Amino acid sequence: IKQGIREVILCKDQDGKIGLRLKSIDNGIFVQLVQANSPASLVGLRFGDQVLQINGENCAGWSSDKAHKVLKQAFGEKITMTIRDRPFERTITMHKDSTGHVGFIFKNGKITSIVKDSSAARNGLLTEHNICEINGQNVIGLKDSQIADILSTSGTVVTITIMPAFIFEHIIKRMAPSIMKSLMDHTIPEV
């Protein structure tokens, strides 16, 4: 999670899309969904990112509908957004034990229990936090089985990005579980 603010430049694609949906949270605007293969994904926008400005205009106070409208109304040529990196989220680095475990139980993507003497415990992993990313890969909307498998296919060192569940639940709702599992970007980032 990169401290402070950065600028991204987008181009609407052929279809006039950017592949973003935005959400009003605590009088800011936050990314609720990034579409795979979209201009938004390509420029590095991530779920939970705060949009401070669009085209130099402050997003403070905007409803979701107003932010979408501003984007729909922008010249698709060059859209500048000012971004604060995943501010509701934190990253935790763990190492697997000999059995290949980091030491937590989760359910519907939410960590529910931490295992004694585990890496999860040594690194102060918390319950009541939704798993957002594993090693930089968005896993939101995947089944617990898929998330479990992604954990398995990672190496020793596992980095998880988490978000407090009450905040997570506020950001996501008004979007159907099957959209998240299908259409929320789950790619490993390209270089």
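Residue indices: 1-based, along the sequence shown.
A.B. asks: Of the two stretches 10-18 and 178-186, which shows the higher Cα B-factor on average in the entry?
C.D. replies: That would be 178-186.
A.B. asks: Comparing 85-93 with 113-121, where is the mean C-alpha B-factor higher?
C.D. replies: Result of the comparison: 113-121.
A.B. asks: Choose from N27, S152, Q137, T161 the residue with the greatest Cα B-factor as stated in the PDB record.
C.D. replies: So the option with the highest C-alpha B-factor is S152.
A.B. asks: If you rank every modelled residue in this chain by C-alpha B factor, which third holds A165: lowest, middle or highest?
C.D. replies: Lowest third - that is where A165 ends up once the chain's C-alpha B-factors are sorted.
A.B. asks: Please place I131 in the lowest, middle or highest third of its chain according to the CA B-factor in the PDB entry.
C.D. replies: Middle third - that is where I131 ends up once the chain's C-alpha B-factors are sorted.
A.B. asks: Taking the values exactly as deposited, rank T156 by C-alpha B-factor within its chain and report the matching third: lowest, middle or highest.
C.D. replies: Within its chain, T156 is a highest-third residue by C-alpha B-factor, going by the deposited values.
A.B. asks: Could you look up the Cα B-factor of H68 in the entry and say which third of the chain it sits in: lowest, middle or highest?
C.D. replies: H68: CA B-factor falls in the middle third of its chain.
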